[PDB]
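See below for start-v7.cif, which holds mmCIF, C-alpha atoms (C1' of nucleotides).
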data_run
loop_
_atom_site.label_atom_id
_atom_site.label_comp_id
_atom_site.auth_asym_id
_atom_site.auth_seq_id
_atom_site.Cartn_x
_atom_site.Cartn_y
_atom_site.Cartn_z
CA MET O 8 -2.53 -3.69 14.96
CA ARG O 9 1.00 -3.37 16.43
CA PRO O 10 3.04 -0.22 16.90
CA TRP O 11 4.22 2.10 14.27
CA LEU O 12 7.74 3.58 14.11
CA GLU O 13 7.30 6.43 16.64
CA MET O 14 6.49 3.58 19.00
CA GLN O 15 8.84 0.77 18.10
CA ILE O 16 11.84 3.23 18.52
CA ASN O 17 10.19 4.92 21.59
CA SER O 18 10.07 1.60 23.30
CA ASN O 19 13.27 0.32 21.63
CA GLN O 20 15.22 3.24 23.14
CA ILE O 21 13.55 2.59 26.47
CA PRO O 22 14.93 -0.98 26.73
CA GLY O 23 18.45 -2.13 25.91
CA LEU O 24 19.42 -2.04 22.27
CA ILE O 25 22.53 0.09 21.86
CA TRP O 26 21.60 3.76 21.40
CA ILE O 27 20.16 6.44 23.65
CA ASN O 28 17.53 8.91 24.60
CA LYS O 29 20.42 11.39 24.97
CA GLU O 30 17.62 13.72 26.16
CA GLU O 31 13.91 13.69 27.00
CA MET O 32 13.05 14.70 23.41
CA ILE O 33 16.02 13.41 21.39
CA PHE O 34 17.83 10.14 20.60
CA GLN O 35 20.64 8.38 18.71
CA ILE O 36 20.93 5.48 16.24
CA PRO O 37 24.08 3.43 15.44
CA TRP O 38 24.60 4.31 11.79
CA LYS O 39 27.99 2.67 11.51
CA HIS O 40 28.57 2.69 7.83
CA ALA O 41 28.76 -1.03 7.01
CA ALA O 42 32.03 -1.13 5.08
CA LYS O 43 33.83 0.33 8.01
CA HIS O 44 35.79 -2.71 9.10
CA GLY O 45 34.38 -3.07 12.58
CA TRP O 46 30.95 -3.90 11.23
CA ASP O 47 29.11 -6.70 12.93
CA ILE O 48 25.59 -7.30 11.66
CA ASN O 49 24.71 -8.29 15.19
CA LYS O 50 25.96 -5.07 16.62
CA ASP O 51 25.11 -2.39 14.17
CA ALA O 52 22.35 -3.52 11.96
CA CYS O 53 20.09 -4.35 14.93
CA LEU O 54 17.22 -1.95 15.43
CA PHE O 55 17.35 -2.05 11.63
CA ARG O 56 16.74 -5.71 12.08
CA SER O 57 14.33 -5.59 14.96
CA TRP O 58 12.12 -3.36 12.83
CA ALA O 59 12.27 -5.46 9.70
CA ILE O 60 11.23 -8.58 11.46
CA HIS O 61 8.92 -6.45 13.52
CA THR O 62 7.13 -4.88 10.60
CA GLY O 63 7.36 -8.26 9.08
CA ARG O 64 9.79 -7.66 6.22
CA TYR O 65 12.05 -10.46 7.39
CA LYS O 66 11.84 -13.31 9.70
CA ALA O 67 14.72 -14.62 11.74
CA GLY O 68 15.90 -17.96 10.41
CA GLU O 69 15.47 -16.54 6.86
CA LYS O 70 18.00 -16.75 3.99
CA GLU O 71 18.11 -13.07 3.26
CA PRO O 72 20.22 -11.50 6.06
CA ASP O 73 20.24 -8.43 3.81
CA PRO O 74 20.57 -5.73 6.39
CA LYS O 75 21.57 -3.21 3.87
CA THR O 76 17.93 -3.00 3.23
CA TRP O 77 16.90 -3.44 6.79
CA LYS O 78 18.83 -0.11 7.06
CA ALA O 79 17.11 1.53 4.06
CA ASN O 80 13.69 0.34 4.97
CA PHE O 81 14.55 1.79 8.38
CA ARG O 82 16.22 4.87 7.02
CA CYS O 83 13.41 5.73 4.64
CA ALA O 84 10.85 4.98 7.35
CA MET O 85 12.39 7.30 9.86
CA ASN O 86 12.30 9.69 6.98
CA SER O 87 8.47 9.59 6.33
CA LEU O 88 7.45 9.79 10.02
CA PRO O 89 6.31 13.24 10.90
CA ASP O 90 6.74 13.08 14.64
CA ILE O 91 10.50 12.43 14.55
CA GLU O 92 12.75 14.95 12.80
CA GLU O 93 16.42 13.94 12.46
CA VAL O 94 18.28 16.90 13.92
CA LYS O 95 20.46 17.17 10.79
CA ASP O 96 23.47 18.56 12.70
CA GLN O 97 25.18 15.09 12.31
CA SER O 98 25.54 13.29 8.82
CA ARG O 99 28.24 11.30 10.66
CA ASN O 100 31.08 9.44 9.10
CA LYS O 101 33.04 7.30 11.62
CA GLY O 102 32.02 5.86 14.99
CA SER O 103 29.00 7.41 13.29
CA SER O 104 25.25 7.72 13.88
CA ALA O 105 22.06 9.56 12.85
CA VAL O 106 20.23 11.87 15.29
CA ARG O 107 16.60 12.86 15.56
CA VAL O 108 14.06 14.78 17.68
CA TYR O 109 10.63 13.30 18.11
CA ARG O 110 8.11 15.98 17.18
CA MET O 111 6.41 16.64 20.51
CA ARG Z 7 7.01 -4.50 -12.94
CA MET Z 8 3.28 -3.79 -12.71
CA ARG Z 9 0.34 -4.42 -14.98
CA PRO Z 10 -2.13 -1.79 -16.08
CA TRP Z 11 -4.25 -0.05 -13.56
CA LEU Z 12 -8.07 0.21 -13.56
CA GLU Z 13 -8.40 3.01 -16.19
CA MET Z 14 -6.69 0.48 -18.42
CA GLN Z 15 -8.11 -2.90 -17.54
CA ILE Z 16 -11.61 -1.44 -18.20
CA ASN Z 17 -10.46 0.63 -21.23
CA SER Z 18 -9.22 -2.56 -22.78
CA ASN Z 19 -11.98 -4.68 -21.26
CA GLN Z 20 -14.59 -2.55 -23.05
CA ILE Z 21 -12.63 -2.67 -26.23
CA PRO Z 22 -12.89 -6.50 -26.41
CA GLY Z 23 -15.86 -8.67 -25.66
CA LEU Z 24 -17.06 -8.80 -22.13
CA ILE Z 25 -20.69 -7.68 -21.95
CA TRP Z 26 -20.91 -3.90 -21.62
CA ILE Z 27 -20.23 -0.97 -23.98
CA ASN Z 28 -18.39 2.15 -24.81
CA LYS Z 29 -21.86 3.66 -25.40
CA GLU Z 30 -19.79 6.68 -26.47
CA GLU Z 31 -16.17 7.73 -27.17
CA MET Z 32 -15.86 9.03 -23.58
CA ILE Z 33 -18.49 6.94 -21.71
CA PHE Z 34 -19.34 3.35 -20.90
CA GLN Z 35 -21.60 0.83 -19.05
CA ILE Z 36 -21.11 -1.95 -16.46
CA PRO Z 37 -23.56 -4.83 -15.76
CA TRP Z 38 -24.50 -4.07 -12.19
CA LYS Z 39 -27.31 -6.63 -12.01
CA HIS Z 40 -28.09 -6.75 -8.38
CA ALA Z 41 -27.19 -10.30 -7.41
CA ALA Z 42 -30.40 -11.41 -5.67
CA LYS Z 43 -32.37 -10.60 -8.78
CA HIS Z 44 -33.27 -14.06 -9.87
CA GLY Z 45 -31.64 -13.96 -13.24
CA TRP Z 46 -28.18 -13.74 -11.70
CA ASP Z 47 -25.51 -15.93 -13.20
CA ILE Z 48 -22.06 -15.43 -11.70
CA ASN Z 49 -20.76 -16.17 -15.10
CA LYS Z 50 -22.75 -13.53 -16.77
CA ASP Z 51 -22.87 -10.67 -14.37
CA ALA Z 52 -20.05 -10.91 -11.98
CA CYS Z 53 -17.49 -11.05 -14.76
CA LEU Z 54 -15.45 -7.92 -15.18
CA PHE Z 55 -15.70 -7.93 -11.41
CA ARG Z 56 -14.06 -11.24 -11.69
CA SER Z 57 -11.57 -10.52 -14.47
CA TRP Z 58 -10.31 -7.73 -12.29
CA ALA Z 59 -10.06 -9.69 -9.14
CA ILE Z 60 -7.97 -12.40 -10.73
CA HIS Z 61 -6.27 -9.71 -12.74
CA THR Z 62 -5.29 -7.61 -9.79
CA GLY Z 63 -4.53 -10.94 -8.23
CA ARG Z 64 -7.21 -10.99 -5.49
CA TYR Z 65 -8.45 -14.35 -6.63
CA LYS Z 66 -6.87 -16.87 -8.99
CA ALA Z 67 -9.17 -19.39 -10.65
CA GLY Z 68 -9.54 -22.67 -8.78
CA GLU Z 69 -9.57 -21.00 -5.42
CA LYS Z 70 -11.86 -22.08 -2.64
CA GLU Z 71 -14.07 -18.97 -2.67
CA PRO Z 72 -15.66 -17.51 -5.94
CA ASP Z 73 -17.08 -14.74 -3.69
CA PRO Z 74 -18.09 -12.23 -6.36
CA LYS Z 75 -19.88 -10.04 -3.91
CA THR Z 76 -16.48 -8.88 -3.08
CA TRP Z 77 -15.20 -8.98 -6.62
CA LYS Z 78 -17.99 -6.38 -7.00
CA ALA Z 79 -16.93 -4.29 -3.99
CA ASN Z 80 -13.24 -4.40 -4.72
CA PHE Z 81 -14.37 -3.28 -8.16
CA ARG Z 82 -16.93 -0.84 -6.96
CA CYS Z 83 -14.52 0.75 -4.49
CA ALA Z 84 -11.78 0.88 -7.08
CA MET Z 85 -13.87 2.55 -9.67
CA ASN Z 86 -14.58 4.92 -6.83
CA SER Z 87 -10.94 5.94 -6.04
CA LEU Z 88 -9.90 6.41 -9.66
CA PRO Z 89 -9.76 10.03 -10.53
CA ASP Z 90 -9.94 9.71 -14.31
CA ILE Z 91 -13.24 8.00 -14.43
CA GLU Z 92 -16.31 9.78 -13.26
CA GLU Z 93 -19.57 7.87 -13.22
CA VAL Z 94 -22.10 10.14 -14.90
CA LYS Z 95 -24.31 9.40 -11.87
CA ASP Z 96 -27.84 10.46 -12.95
CA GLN Z 97 -28.59 6.73 -13.65
CA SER Z 98 -30.71 3.54 -13.69
CA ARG Z 99 -31.53 0.76 -11.22
CA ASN Z 100 -33.40 -2.60 -11.34
CA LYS Z 101 -34.07 -5.26 -14.03
CA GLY Z 102 -31.21 -5.14 -16.55
CA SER Z 103 -29.69 -2.04 -14.99
CA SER Z 104 -26.23 -0.79 -15.35
CA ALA Z 105 -23.89 2.01 -14.26
CA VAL Z 106 -22.54 4.63 -16.67
CA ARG Z 107 -19.37 6.64 -16.60
CA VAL Z 108 -17.22 9.08 -18.61
CA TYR Z 109 -13.45 8.65 -18.55
CA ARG Z 110 -12.03 12.04 -17.69
CA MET Z 111 -10.23 12.97 -20.88
"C1'" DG X 1 -39.54 -9.77 6.92
"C1'" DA X 2 -35.21 -10.68 7.00
"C1'" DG X 3 -30.99 -12.45 5.20
"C1'" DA X 4 -28.24 -12.07 1.21
"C1'" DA X 5 -26.11 -8.02 -0.97
"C1'" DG X 6 -24.92 -3.66 -1.47
"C1'" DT X 7 -22.49 0.62 -0.19
"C1'" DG X 8 -19.49 4.98 0.82
"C1'" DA X 9 -15.97 6.50 3.51
"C1'" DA X 10 -11.86 6.09 6.00
"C1'" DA X 11 -8.25 3.71 7.43
"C1'" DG X 12 -4.83 0.22 5.61
"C1'" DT X 13 -1.17 -1.08 2.03
"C1'" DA X 14 -3.78 3.72 -6.05
"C1'" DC X 15 -6.37 0.35 -5.03
"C1'" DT X 16 -7.90 -2.44 -0.82
"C1'" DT X 17 -10.01 -3.53 3.30
"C1'" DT X 18 -12.75 -2.78 6.85
"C1'" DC X 19 -16.51 -0.27 9.37
"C1'" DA X 20 -20.90 0.56 10.08
"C1'" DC X 21 -24.71 0.67 8.26
"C1'" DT X 22 -28.31 0.20 4.28
"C1'" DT X 23 -30.70 -1.93 0.16
"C1'" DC X 24 -32.55 -5.41 -2.31
"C1'" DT X 25 -35.34 -9.40 -3.89
"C1'" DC X 26 -39.10 -12.49 -3.51
"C1'" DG K 1 40.11 4.04 -7.38
"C1'" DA K 2 36.40 1.62 -7.32
"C1'" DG K 3 32.94 -1.40 -5.57
"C1'" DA K 4 30.35 -2.12 -1.47
"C1'" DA K 5 26.92 0.97 0.78
"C1'" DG K 6 24.39 4.81 1.36
"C1'" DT K 7 20.74 8.10 0.11
"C1'" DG K 8 16.40 11.21 -0.69
"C1'" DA K 9 12.59 11.52 -3.25
"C1'" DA K 10 8.83 9.62 -5.70
"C1'" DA K 11 6.06 6.29 -6.97
"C1'" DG K 12 4.16 1.87 -5.18
"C1'" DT K 13 0.99 -0.66 -1.45
"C1'" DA K 14 2.18 4.85 6.52
"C1'" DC K 15 5.80 2.40 5.50
"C1'" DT K 16 8.11 0.25 1.26
"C1'" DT K 17 10.27 -0.01 -2.96
"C1'" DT K 18 12.49 1.58 -6.61
"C1'" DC K 19 15.20 5.22 -9.27
"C1'" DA K 20 18.97 7.46 -10.07
"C1'" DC K 21 22.55 8.87 -8.23
"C1'" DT K 22 26.20 9.55 -4.31
"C1'" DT K 23 29.29 8.39 -0.39
"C1'" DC K 24 32.09 5.69 2.13
"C1'" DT K 25 36.30 2.80 3.54
"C1'" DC K 26 40.78 1.26 3.03
#
Written form, structure tokens:
Amino acid sequence: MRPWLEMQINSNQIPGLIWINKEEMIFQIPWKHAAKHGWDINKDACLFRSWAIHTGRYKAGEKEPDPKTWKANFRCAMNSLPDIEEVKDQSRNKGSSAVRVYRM
Amino acid sequence: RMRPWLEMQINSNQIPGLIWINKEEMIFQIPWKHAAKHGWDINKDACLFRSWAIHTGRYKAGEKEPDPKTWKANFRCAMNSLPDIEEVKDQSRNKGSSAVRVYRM
DNA sequence: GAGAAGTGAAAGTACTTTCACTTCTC
DNA sequence: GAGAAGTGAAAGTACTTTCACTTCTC
């Protein structure tokens, strides 16, 4: 009965993905819009990916790389969660990202 | 993009020919023969229960497990959840017994 | 008597499943 | 300018998906 979002990110920020616990409450998430030219699936759409294969939406070695979704699924999720509010001061545009507080 | 949900499946299912009635233009029955009673034929009791399981896709004919106990639970439980179908509960048990409900109008 | 069958409720994905017992049937 | 990508919210099975738009990026 594996973790649920507040966990997966909790841990996932505690290892080495690519964003931070820029605080001991708050964290970041690489929201590079994916039309920006410097967009590498393997560098931006990661957590997004981790989580989809984690939660079992996708499975590496699959034919749908579709990380747009991976992002939505992940966006929406982060939405729902009640113990992680995105500190809205940051609807970022370039060298962009989304920011949230974990409800303590 | 979805099929009907319980209040429908039964609505229709009582409007055809299964084995229970719209013993009213609000209320209906459901063959709850306990299944240890000796006169228990899967094909005669555990039907709707079945329709629904293969309907909702739980089972699909020709599948290694007719298990209609479940069919019954899945169906019992469901009927429970639904908010627009209240079983008028003051009812009968044992030997050709059935459950009765009103559809909230 | 006791093993198949049944439940409701609550926790998982608008029904389902699962949990934790509880009835039945002979 | 315009087409790929993004959204939030709401309706489907605690995330997902789907709806109905809306932003980006160059």
Starting from 4 Å padding per side, set up an axis-aligned box that covers all listed atoms of region 9-16 of chain X and hand over centre and edge lengths in Å, one decimal, as AutoDock Vina command-line options.
--center_x -8.6 --center_y 2.0 --center_z 0.7 --size_x 22.8 --size_y 16.9 --size_z 21.5
Item to check | Distance filter 12 Å, all atoms listed in the file, chain O against chain K, as a PyMOL selection string | outcome: chain O and resi 10-13+38-46+58-59+62-64+73-89+98-101+103
Next on the checklist: Report, in Å with one decimal, the straight-line distance from CA of residue 109 (chain Z) to CA of residue 90 (chain Z).
Outcome noted: 5.6 Å
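Run against this file, the PyMOL selection byres ((chain O and resi 28) around 12) gives back residues 16, 17, 18, 19, 20, 21, 22, 23, 24, 25, 26, 27, 29, 30, 31, 32, 33, 34, 35, 36, 106, 107, 108 and 109 of chain O.
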Next on the checklist: For a cutoff of 8 Å around the file-coordinate point (-12.0, -11.0, -3.5), which residues qualify once you count all atoms listed in the file? I'd like the result as a list in words.
Outcome noted: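 The residues that fall inside the cut-off are residues 59, 64, 65, 72, 73, 74, 75, 76, 77 and 80 of chain Z.
Interatomic distance, CA of residue 9 (chain Z) against CA of residue 88 (chain Z): 15.8 Å.
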Checklist entry - At what distance in Å, to one decimal, does CA of residue 16 (chain Z) lie from CA of residue 38 (chain Z)? => result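 Computing it gives 14.5 Å between the two atoms.
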Residues of chain Z at most 8 Å from chain X: nearest atom pair and distance in Å, only C-alpha atoms (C1' of nucleotides), as CSV:
residue,atom,partner,partner_atom,distance
Z:40,CA,X:24,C1',7.7
Z:41,CA,X:5,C1',6.9
Z:42,CA,X:25,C1',5.6
Z:43,CA,X:25,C1',5.8
Z:44,CA,X:25,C1',7.9
Z:75,CA,X:5,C1',7.2
Z:80,CA,X:16,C1',6.9
Z:84,CA,X:15,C1',5.8
Z:87,CA,X:15,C1',7.3
Z:88,CA,X:14,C1',7.6
Checklist entry - Could you write out as a list in words the residues that the PyMOL selection byres ((chain Z and resi 97) around 12) matches in the shown file? => result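 Selected by the PyMOL selection byres ((chain Z and resi 97) around 12) here: residues 35, 36, 38, 93, 94, 95, 96, 98, 99, 100, 103, 104, 105, 106 and 107 of chain Z.
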Item to check | Z:21, Z:33, Z:111, Z:14 ranked by distance to residue 62 (chain Z), top pick (using only C-alpha atoms) | outcome: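 Residue with the minimum atom-to-atom distance to residue 62 (chain Z): Z:14.
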Taking the block above, write region 46-60 of chain Z with N, CA and C atoms as a CSV table (one decimal), in the first residue's frame.
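This is the output file decode.csv:
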chain,number,residue,atom,x,y,z
Z,46,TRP,N,-31.7,-23.2,-4.4
Z,46,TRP,CA,-30.9,-22.1,-5.0
Z,46,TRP,C,-30.2,-22.3,-6.3
Z,47,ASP,N,-30.8,-21.9,-7.4
Z,47,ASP,CA,-30.1,-22.1,-8.7
Z,47,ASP,C,-29.5,-20.8,-9.2
Z,48,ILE,N,-28.1,-20.8,-9.3
Z,48,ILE,CA,-27.4,-19.6,-9.7
Z,48,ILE,C,-28.2,-18.9,-10.8
Z,49,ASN,N,-28.7,-19.7,-11.7
Z,49,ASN,CA,-29.3,-19.1,-12.8
Z,49,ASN,C,-30.7,-18.7,-12.6
Z,50,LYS,N,-31.1,-18.7,-11.3
Z,50,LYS,CA,-32.5,-18.2,-11.2
Z,50,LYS,C,-32.5,-17.2,-10.1
Z,51,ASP,N,-31.5,-17.2,-9.3
Z,51,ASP,CA,-31.5,-16.2,-8.1
Z,51,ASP,C,-30.5,-15.2,-8.3
Z,52,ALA,N,-29.2,-15.7,-8.5
Z,52,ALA,CA,-28.1,-14.8,-8.6
Z,52,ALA,C,-28.1,-14.4,-10.1
Z,53,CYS,N,-29.1,-13.6,-10.5
Z,53,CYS,CA,-29.1,-13.1,-11.9
Z,53,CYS,C,-28.8,-11.7,-12.0
Z,54,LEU,N,-29.7,-10.8,-11.6
Z,54,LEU,CA,-29.5,-9.4,-11.7
Z,54,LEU,C,-28.0,-9.3,-11.2
Z,55,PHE,N,-27.8,-9.8,-10.0
Z,55,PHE,CA,-26.5,-9.8,-9.4
Z,55,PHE,C,-25.5,-10.1,-10.4
Z,56,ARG,N,-25.8,-11.0,-11.3
Z,56,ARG,CA,-24.9,-11.3,-12.3
Z,56,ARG,C,-24.9,-10.3,-13.4
Z,57,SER,N,-26.1,-10.0,-14.0
Z,57,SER,CA,-26.2,-9.0,-15.1
Z,57,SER,C,-25.2,-7.9,-14.7
Z,58,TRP,N,-25.5,-7.3,-13.5
Z,58,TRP,CA,-24.7,-6.2,-13.1
Z,58,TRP,C,-23.2,-6.5,-13.0
Z,59,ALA,N,-22.8,-7.7,-12.6
Z,59,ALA,CA,-21.4,-7.8,-12.5
Z,59,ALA,C,-20.8,-7.8,-13.9
Z,60,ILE,N,-21.4,-8.5,-14.8
Z,60,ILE,CA,-20.8,-8.5,-16.1
Z,60,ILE,C,-21.1,-7.2,-16.7
